[PDB]
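Asks: Dropping in the first section of the assembly, placed as in the complex:
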Amino acid sequence: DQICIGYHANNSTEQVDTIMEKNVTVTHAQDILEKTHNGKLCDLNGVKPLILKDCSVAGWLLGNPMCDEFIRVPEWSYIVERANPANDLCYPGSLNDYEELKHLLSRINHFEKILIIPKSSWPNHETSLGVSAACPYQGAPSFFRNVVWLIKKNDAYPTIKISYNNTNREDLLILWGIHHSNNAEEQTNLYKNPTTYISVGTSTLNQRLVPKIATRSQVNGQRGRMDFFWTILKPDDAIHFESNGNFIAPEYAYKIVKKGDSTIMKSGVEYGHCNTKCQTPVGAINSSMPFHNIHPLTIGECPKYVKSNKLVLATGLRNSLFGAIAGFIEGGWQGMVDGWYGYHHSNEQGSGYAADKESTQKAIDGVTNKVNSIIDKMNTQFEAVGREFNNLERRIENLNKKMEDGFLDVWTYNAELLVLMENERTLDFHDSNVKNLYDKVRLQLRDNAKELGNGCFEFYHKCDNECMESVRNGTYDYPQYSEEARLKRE
Amino acid sequence: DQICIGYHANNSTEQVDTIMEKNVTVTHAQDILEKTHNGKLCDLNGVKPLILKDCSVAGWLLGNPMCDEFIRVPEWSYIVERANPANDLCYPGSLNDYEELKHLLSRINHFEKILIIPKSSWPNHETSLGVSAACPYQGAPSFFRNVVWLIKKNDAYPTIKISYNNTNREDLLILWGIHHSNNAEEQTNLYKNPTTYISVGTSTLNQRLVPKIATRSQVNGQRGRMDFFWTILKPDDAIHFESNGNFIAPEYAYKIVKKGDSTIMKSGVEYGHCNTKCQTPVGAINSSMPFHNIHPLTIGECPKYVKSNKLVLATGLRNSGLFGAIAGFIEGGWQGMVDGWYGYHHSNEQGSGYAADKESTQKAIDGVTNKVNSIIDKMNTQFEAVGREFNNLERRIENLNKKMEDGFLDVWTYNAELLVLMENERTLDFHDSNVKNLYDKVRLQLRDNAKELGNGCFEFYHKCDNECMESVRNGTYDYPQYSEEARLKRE
């Protein structure tokens, strides 16, 4: 002789945060943040990266004799470099526009080394005495591999005139250099002429260099210096050289065969023989969630980065404002396993739990729609990129550093605020549905039943399981049971 | 004998989107996105722009013999330049700090050309014979028109000392240059002196230049090069020149008569003899909408730019919820309902007809109207993109500039879309509650004198004419006077 309505409860212990409350327990939830990595360096889509162990970019390109296992390299997906490489320019000096060169290296996937000037093209100079103790090889003085140090022969240094014509179909990378001597006497011992120069000219290049003879402090046990330069040669251009002395000549060059997407990564983790689709300087990520907090700089197809600790979305009602879930209904039911809103009946034939599948489905579609919307709306988000600056560009370096942290905080704020508000609306949405269900039954049985305070109703007239289906379907005939009602209400 | 409550509906098919639902049909809506353009270039508030057809900025300042239609130029509003101009420095070379000069040129709206150093000032050098085949004019050798190339006369090149003292009350722009020779023999053929120099000095400038002699590849048929420099002279300063050879001397200069706001646009569209108030590289914009999606770079008064495809607001009821009235115990709207969003249908014995609830429609009208205005005002301040240029060796800075401007357009696009989704959700429920409140207001006044059907209508126990049913819509329904009569019929 009773019909009652309620909601479904379970053993869940998930907890979400709203604007006005924290640690609220819900029946069903799913996390959307990734916090784990494998702690290794692994292949990107089946292509091994290029790992420069203890060499800088300059040491590899100029051919530092100490680390020369990189004489020939296959294709690479990205470049890995340590924080402070040990083997760099061995003879003290510098490389002009070092940072601008490394920006070019981030868009190249393959190099090919070719020989452009054989050593036989220096008949009137000495090509075998350019060794130095600052660049040792197996305990003996040596020098760089891709360049030649020319000194006088038979007490003379005739002027040099040479040219190269690019006949390939790709661009070339060329490097040369100049030497700064110590004193006037040392200048004549190496190159006979007392005043020297170097001039280089292409279709867009025009240069002249003069040595600086002065006194400097010892670096690696030497007081001399060497400066290096580079350029890109077009497929049908030519380059011309001319010098009197202090010249470091090119021997080998690089062809740019494949152009693509890559990065230079600073890390110290070991190679681990894997395959993956997302890589970070601290490890690899394998997940399908839309957010992660591992590291700001990544390569590949990755989830977006936020500086958060947790991000949980609620997909169920409050576990056990229209005042229905908390009030008029003390708590949920464990017996109603199937649905989310349902009925409980008390009858002479028996009792049981029944669920309203129609209203249950409407809620599932409504919330699943919302969840897929949050993933979509955050598709476009700031992606960090690495840039480098030298010691006299501190102003620009600071400007770059603040711009990237500025966007990181904006998107972290947006993600955290969005989760908080949608966790609140979901809980109100579930509450409203149960309130509307209560009214639907109430309007049908206008006077044939009385309210019992809680969700239950007690019937004036006697009925069996049949008209239980009538009320829940809405097919309750008020005039049919109009009699047997006034008699009870005596 | 019977009264009922309902809401207004029509035949519109406009659709909007909320956070929880998509393709929801509404009675009324509003669009806030502009997606059309003229496809032409027009005057900005009545000032014609300056079109450099196949001529670069450098080819216009230094007078390239081909770009001779720009000798005299009136006032302009903005400058239009093609992507890859054909006519540029004809003789091979470069212009120092080209990008910084273009940044300065974006704040100037008029110029005037004056003759600072007449050609009679050089009586011991050859003013003619400075032509070349790299700069042709009507099939004959020529040279830049705003500078002069000086060559030896009578096998001698005396040293030059000259000065100019600004007295025009406005700033001046001056250009000069140096020539690099091919070989040693060429140097003596033209200038007669083996070693040369150029020195220029002002209150803030101290410069010395030396030619470089080397072998270079052919460009435009010539292996020589020419480099040019520029400076700005304050209203009462002076400039001093001294040279031994290889000197390209100034002849004309520009006065900065007018200053203001301008820009340089890269486009290929054609002039349309029209007028406008907003201009984009792809066309002009006529609209009053808050947002647009034509192009990120604009000039003039313009709506804000977003990278979206549709933005529709909702200002009406859902057409055929949280408060369970619009689609709950009220099944649907009334087609015959006009003159009001919410109202009552009356069906007494004297007659039957519809009616409208005044002062319930009006509050909803005022409520939604203020919501729209607040959204427009809150988005007045938005990031505006501006063009900048960098050379081949500034790739790191150029990359940094591009990422900054794309980052801000992503943020503001996210803000605009989120606001529209949320306010649409509130508006739908705002209409839902107002119907529910009206339904409850009648139920309390009526009390037990009527029996509620359960569909949104009430059936009167006591017979009541249009006068007392008008009193229900007054809210002056007098329960006691009809209370006793309804009793007897109740049984």
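Replies: Yes, it's here. Numbering: from 1, shown residues only, chains lettered A, B, ... in the order given.
Asks: Contact partners for residue A:429?
Replies: By CB atoms under 8 Å, 6 or more residues apart in numbering or on different chains, the residues touching residue A:429 are A:363, A:366-367, B:322. C-beta: built from backbone N, CA, C; applies to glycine.
Asks: I misspoke; the intended subject was residue A:322.
Replies: Contacts were defined as CB under 8 Å, 6+ apart; by that measure residue A:322 touches A:428, A:431-432, A:435.
Asks: List, out of those residues, those positioned next to chain B.
Replies: A:428, A:432, A:435 (CB under 8 Å from any CB of the partner chain).
Asks: Can you report how many residues lie near the first one?
Replies: Around residue A:428 there are 13 other residues, counting by other CB atoms under 10 Å in any protein chain shown.
Asks: what do you get for the one 4 residues further on?
Replies: Other residues within reach of residue A:432, judged by other CB under 10 Å, total 18.
Asks: Whatever helix or strand it lives in relative to helix B:395-446, how many degrees between them?
Replies: Using DSSP states H and E, residue A:432 sits within helix A:394-444. Per axes from the mean of the first three to the mean of the last three CA atoms, to 10 degrees, the angle that helix A:394-444 makes with helix B:395-446 is 20 degrees.
Asks: by contact count, what packs against the very next helix or strand once past helix A:394-444?
Replies: Per DSSP H and E, helix A:394-444 leads on to strand A:449-451 as the next helix or strand towards the C-terminus. In terms of contacts (3 or more CB pairs under 8 Å, 6 or more residues apart in numbering or on different chains; DSSP states H and E), strand A:449-451 is packed against strand A:457-459.
Asks: need the contact list for residue A:307.
Replies: Contact analysis of residue A:307 by CB under 8 Å, 6+ apart lists A:293, A:408-409, A:412.
Asks: Buried members of those residues into PyMOL, please.
Replies: This is the PyMOL syntax for the buried subset of these, where burial follows 16 or more other CB atoms under 10 Å in any protein chain shown:
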select buried, chain A and resi 293+408+412
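Asks: what's the farthest-apart pair in the contacts of residue A:307?
Replies: Across the contacts of residue A:307, the longest distance by CB to CB is 13.8 Å; it joins A:293 and A:409.
Asks: Residue A:61 is in contact with residue A:145, isn't it?
Replies: No. Counting by CB atoms under 8 Å, residue A:61 does not reach residue A:145; the two are 10.5 Å apart.
Asks: the more surrounded of those two?
Replies: More crowded of residue A:61 and residue A:145, by other CB under 10 Å: residue A:61, with 21 against 15.
Asks: related to what we said a few turns ago, name the nearest of the ones next to chain B among the contacts of residue A:322 relative to chain B.
Replies: Closest to chain B out of the ones next to chain B among the contacts of residue A:322 is residue A:432 (4.9 Å), distances taken as CB to the nearest CB.
Asks: so what's that closest one closest to, chain neighbours aside?
Replies: Excluding the flanking residues, the one nearest residue A:432 by CB to CB, 6 or more residues apart in numbering or on different chains is residue B:322, at 4.9 Å.
Asks: Figure out how far stretch A:350-358 is from the centre of its chain.
Replies: Relative to the centre of its chain, stretch A:350-358 is centred 50 Å away, using CA atoms, centre = their mean, to the nearest Å.
Asks: Buried residues of that stretch, list them for me.
Replies: Neighbour counts over stretch A:350-358 (16+ other CB under 10 Å) mark A:353-356 as buried.
Asks: also put chain C on there:
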Amino acid sequence: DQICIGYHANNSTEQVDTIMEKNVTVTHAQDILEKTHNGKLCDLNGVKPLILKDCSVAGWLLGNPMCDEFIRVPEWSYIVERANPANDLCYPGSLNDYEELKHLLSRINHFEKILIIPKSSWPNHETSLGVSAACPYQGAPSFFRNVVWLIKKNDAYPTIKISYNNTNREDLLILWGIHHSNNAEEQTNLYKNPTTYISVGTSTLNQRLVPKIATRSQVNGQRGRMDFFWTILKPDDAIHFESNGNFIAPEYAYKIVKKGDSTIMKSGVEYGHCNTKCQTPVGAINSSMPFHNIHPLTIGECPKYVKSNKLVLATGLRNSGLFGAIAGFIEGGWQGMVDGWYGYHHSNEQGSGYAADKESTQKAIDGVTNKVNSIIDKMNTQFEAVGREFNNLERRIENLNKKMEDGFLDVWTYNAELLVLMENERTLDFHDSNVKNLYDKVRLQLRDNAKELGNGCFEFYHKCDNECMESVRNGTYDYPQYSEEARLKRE
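Replies: One more piece, chain C, placed on the ones above:
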């Protein structure tokens, strides 16, 4: 017989704004925007700042004879410098990499000046004739105090070879310079040799300089120029000099003893004897509010800067979707009620008095405060502006810097105003729901023993005293015990 329902009211006149409506009057509201400053410069945390009165950073480091008040300085917290320092570089010239030096100075809190090259280490050269009328001192020619201008003694200028080794366990700052003559004749008078050079070399430095001789315009009273350079010498490193003319030798250097956080401020305000925790160029702020609108650039712990004019958070309900309770079906509030926000008034035969409801006012107060704290917590991290300087030929980079920090301020301003406007709308709803939810509880329990009247209160046909009728606030009522006589009470 009567027990009505109502809500608390007072005489407040605070106003808040929502999305739907502006100037809503509420009982209690907070303010979270600070708008006052003292207008003086104070000590940051008990450390007085360094105030350069009429000098520049260059004038202080290279001792300008006028700026002799700053010969020895104590530890500072930040540096104050006027807009256009009058005393700067008495002898016309320039300082190389000026802006990069100032950026380095922003992370230093203390210097110590030491002597490295005594005057006695210059025999065979003249050390007392290097004075000029451009640096006047007490109306008699003088020169910078940290460098020496060397002139020929007898009629010769022997070459110089000097070296210094850093053995101080701390980094050093060293300055030197070169002099550009006016004429060949003037060159021989000061230094006998006609062709000169300067060579400087460290572990990471390799430089060579040559004078430029030309005619220039008069700045101050002189046509000569001087160029100065600087470097940082790491511990256990040496610097080597060599020249034969036009050399401005170092005499004093600065040690870097304390590193930390500092800044350089462009202000014209005056020093007042006070200490603070936040400092702006306009004044000092002393408050606990979350936001402020004084100035973008600050130092110390400070509220976040926004560009708004008013940020008021509503905390109490309005004073005399929308659940119909507060403004409808309950006309106005109660002035007499003071104990809580919501409560029950009663009128028994014995007397009439107001009462209060706990567990309801408690949850409303608990809810509102949690919302306020979460707003403040969510704004913990926000963009903070820093100062940077660029010279005259870096206009593109300077414009880029301005647009970036302007864009971030508009983004964070938008978030603050949007967050407030939405929570104001939600809060006024929250009180409305509580009023109606209470009304359901009382109506539900008195199912038929009471006759609802529609004004918010119930009339019991039945009679019982304060022990029972008031016993309904506790939530305990026995329907059966009073059902019989209520049923027997019929007409």
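Asks: let's see the contacts of residue A:322 again after adding chain C.
Replies: By CB under 8 Å, 6+ apart, the contact list for residue A:322 reads A:428, A:431-432, A:435, C:433.
Asks: Go again with 7 Å.
Replies: Residue A:322 makes contacts with A:431-432, A:435, as judged by CB atoms under 7 Å, 6 or more residues apart in numbering or on different chains.
Asks: got the residues of the stretch 201-350 of chain A near chain C?
Replies: A:212, A:214-217, A:219, A:225, A:321, A:323, A:327 (CB under 7 Å from any CB of the partner chain).
Asks: how about those residues in JSON lines, adding neighbour count?
Replies: Output for these, formatted as JSON lines (neighbours: other CB atoms under 10 Å in any protein chain shown):
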{"residue": "A:212", "neighbour count": "16"}
{"residue": "A:214", "neighbour count": "23"}
{"residue": "A:215", "neighbour count": "16"}
{"residue": "A:216", "neighbour count": "24"}
{"residue": "A:217", "neighbour count": "18"}
{"residue": "A:219", "neighbour count": "16"}
{"residue": "A:225", "neighbour count": "21"}
{"residue": "A:321", "neighbour count": "17"}
{"residue": "A:323", "neighbour count": "17"}
{"residue": "A:327", "neighbour count": "14"}
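Asks: hmm, the helix holding residue A:432 in reach of chain C?
Replies: Yes. Against chain C, helix A:394-444 shows contacts by CB under 7 Å from any CB at A:394-395, A:399, A:403, A:406, A:409-410, A:413, A:417.
Asks: tell me the domain boundaries of chain A?
Replies: Annotated domains of chain A cover A:2-35+A:289-473, A:49-269 [automatic domain parsing].
Asks: Whether stretch A:185-195 contacts chain C - can you check?
Replies: No. Stretch A:185-195 does not reach chain C (CB under 7 Å from any CB); its nearest approach is 13.7 Å.
Asks: what's next to that stretch, contact-wise?
Replies: A:151-152, A:155-157, A:181, A:213, A:244-246.
Asks: any chance of those in TSV, with neighbour count too?
Replies: As requested, the contacts of stretch A:185-195 are exported to TSV (neighbours: other CB under 10 Å):
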residue	neighbour count
A:151	17
A:152	19
A:155	6
A:156	11
A:157	23
A:181	22
A:213	17
A:244	18
A:245	25
A:246	25
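Asks: Just give me the closest of those residues to chain C.
Replies: Closest approach between these and chain C, by CB to the nearest CB: residue A:213, at 8.2 Å.
Asks: Now do the contacts for that closest one.
Replies: Residue A:213 sits next to A:180-181, A:183-184, A:187 when contact means CB under 7 Å, 6+ apart.
Asks: just residue A:254 next, same as before
Replies: By CB under 7 Å, 6+ apart, the contact set of residue A:254 is A:111-113, A:172-173.
Asks: How about it: which residues does it bridge to?
Replies: On the basis of DSSP bridges, residue A:254 is bridged to residue A:113, residue A:173.
Asks: likewise the one 4 residues further on?
Replies: Applying DSSP bridges to residue A:258 gives these bridge partners: residue A:110.
Asks: Tell me how many other residues surround it.
Replies: Neighbours of residue A:258 under the rule other CB under 10 Å: 12.
Asks: wait, what's in contact with the residue of the stretch 1-150 of chain A found nearest chain C?
Replies: Nearest residue of the stretch 1-150 of chain A to chain C (CB to the nearest CB) works out as residue A:20 at 4.8 Å. Shown in contact with residue A:20 (CB under 7 Å, 6+ apart): C:367, C:370-371.
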